[PDB]
Amino acid sequence: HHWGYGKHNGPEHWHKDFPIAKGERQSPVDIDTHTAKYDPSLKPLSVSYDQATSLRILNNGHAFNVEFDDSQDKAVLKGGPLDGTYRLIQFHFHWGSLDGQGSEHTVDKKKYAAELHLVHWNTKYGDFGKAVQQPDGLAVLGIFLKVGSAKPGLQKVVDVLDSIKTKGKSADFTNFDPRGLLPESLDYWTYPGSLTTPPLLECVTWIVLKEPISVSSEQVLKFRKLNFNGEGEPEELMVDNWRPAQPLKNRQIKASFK
Ligand SMILES: NS(=O)(=O)c1ccc(CN(Cc2cccc(NCC(=O)O)c2)S(=O)(=O)c2ccccc2)cc1
Ligand SMILES: [Zn+2]
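Using the entry's author numbering, the letters of the sequence shown correspond one by one to residues 3 to 125, 127 to 261.
Below, the structure is given as structure tokens:
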């Protein structure tokens, strides 16, 4: 009976194995746009993905991960609220069964159809596993998806999903450029939080972009054809793999923009 997004093993159950689920800096959160304060002091955000080296795509039974070579400073995130250099290790998404839900963060209680998480680790801790034990170990760049026009830079991802339908399947996924998943503006909100999946470690600086990307209904339909189950098991569509908003507690959300 391991964790997931079903009635019996979903977010409201996670605290029994992962008591930090009820902690002081859990994610996601609702971003109240009127309460978030412009912080002039946030340096520029620097997204340097020109040398990114993607390797593989994996269905992990919860989402799919696009994995990168993080054994050198190739694809890095710096600036904004961050001290030092954060290396891109993977990206993944969370999405809904319907276009009216799927994001983890919300904006004035609005749910987007999906949310992209670009996951980076602080190089001062040497490896990802050491980084997640630190309060400043990770920086996750979160990007909302709305349904409208297709995202050209997403299609290579969409077209490989048939080959990783079930849990534990992977495929080679070289030469994929994550710059094709960014919106025009890098205006953002930031706050200290957590992983949104078990083990729910309180190690993340969240950087949530204001501007959503547009994807087509055909693109998100292909996400919803993935499976949570393994091969030769009853089909469970991979949908609604999002944690709802958690209490803000003693946190302030800062805006990079006036
Ligand atoms: N949603 S999010 O952006 O907050 C976020 C969530 C989860 C992760 C990473 N995963 C869990 C993890 C966490 C800690 C240690 C280890 N291993 C220790 C080691 O590498 O020695 C693994 S996962 O299994 O790839 C994964 C699971 C579900 C959906 C997506 C990714 C990163 C960011
Ligand atoms: Zn995530």
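C-beta: ideal position from N, C-alpha, C; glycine also.
Residue i, DSSP secondary structure in three states
{"i": "residue 210", "result": "strand"}
{"i": "residue 40", "result": "strand"}
{"i": "residue 239", "result": "coil"}
{"i": "residue 257", "result": "strand"}
{"i": "residue 191", "result": "strand"}
{"i": "residue 162", "result": "helix"}
{"i": "residue 220", "result": "helix"}
{"i": "residue 131", "result": "helix"}
{"i": "residue 184", "result": "helix"}
{"i": "residue 149", "result": "strand"}
{"i": "residue 23", "result": "helix"}
{"i": "residue 69", "result": "strand"}
{"i": "residue 229", "result": "coil"}
{"i": "residue 198", "result": "coil"}
{"i": "residue 157", "result": "helix"}
Inter-residue Cα distance where the pair is residue i and residue j
{"i": "residue 82", "j": "residue 236", "result": "45 Å"}
{"i": "residue 62", "j": "residue 154", "result": "24 Å"}
{"i": "residue 201", "j": "residue 22", "result": "9 Å"}
{"i": "residue 127", "j": "residue 228", "result": "39 Å"}
{"i": "residue 168", "j": "residue 42", "result": "45 Å"}
{"i": "residue 253", "j": "residue 56", "result": "37 Å"}
{"i": "residue 14", "j": "residue 25", "result": "14 Å"}
{"i": "residue 175", "j": "residue 17", "result": "35 Å"}
{"i": "residue 208", "j": "residue 259", "result": "14 Å"}
{"i": "residue 80", "j": "residue 47", "result": "6 Å"}
{"i": "residue 277", "j": "residue 218", "result": "In the structure as shown, the chain starts at 3 and stops at 261, and residue 277 therefore has no counterpart that could be examined."}
{"i": "residue 192", "j": "residue 181", "result": "20 Å"}
{"i": "residue 130", "j": "residue 123", "result": "8 Å"}
{"i": "residue 157", "j": "residue 183", "result": "7 Å"}
{"i": "residue 49", "j": "residue 4", "result": "35 Å"}
{"i": "residue 120", "j": "residue 144", "result": "5 Å"}
{"i": "residue 96", "j": "residue 251", "result": "21 Å"}
{"i": "residue 132", "j": "residue 171", "result": "21 Å"}
{"i": "residue 70", "j": "residue 197", "result": "21 Å"}
{"i": "residue 39", "j": "residue 256", "result": "7 Å"}
{"i": "residue 199", "j": "residue 116", "result": "14 Å"}
{"i": "residue 102", "j": "residue 35", "result": "20 Å"}
{"i": "residue 58", "j": "residue 139", "result": "27 Å"}
{"i": "residue 136", "j": "residue 51", "result": "25 Å"}
{"i": "residue 37", "j": "residue 108", "result": "14 Å"}
{"i": "residue 195", "j": "residue 99", "result": "29 Å"}
{"i": "residue 261", "j": "residue 179", "result": "34 Å"}
{"i": "residue 11", "j": "residue 106", "result": "18 Å"}
{"i": "residue 60", "j": "residue 163", "result": "10 Å"}
{"i": "residue 104", "j": "residue 112", "result": "11 Å"}
{"i": "residue 64", "j": "residue 6", "result": "7 Å"}
{"i": "residue 118", "j": "residue 205", "result": "19 Å"}
{"i": "residue 173", "j": "residue 166", "result": "8 Å"}
contact_flag[the segment 139-154, the segment 219-227] where n(CB pairs < 8 Å) is 3 or more:
yes
I want to know whether the segment 85-105 touches the segment 67-76 - three or more CB-CB distances under 8 Å.
yes
Could I get the ranges of all uninterrupted beta strand (DSSP E) runs contained in the segment 73-122, with 3 residues as the minimum, in chain order?
78-81, 88-97
Around ligand 2, Cβ to any heavy atom closer than 6 Å, ordered along the chain:
94, 96, 119, 199
Cβ contact (3+ pairs, closer than 8 Å) linking the segment 240-249 and the segment 28-35
yes
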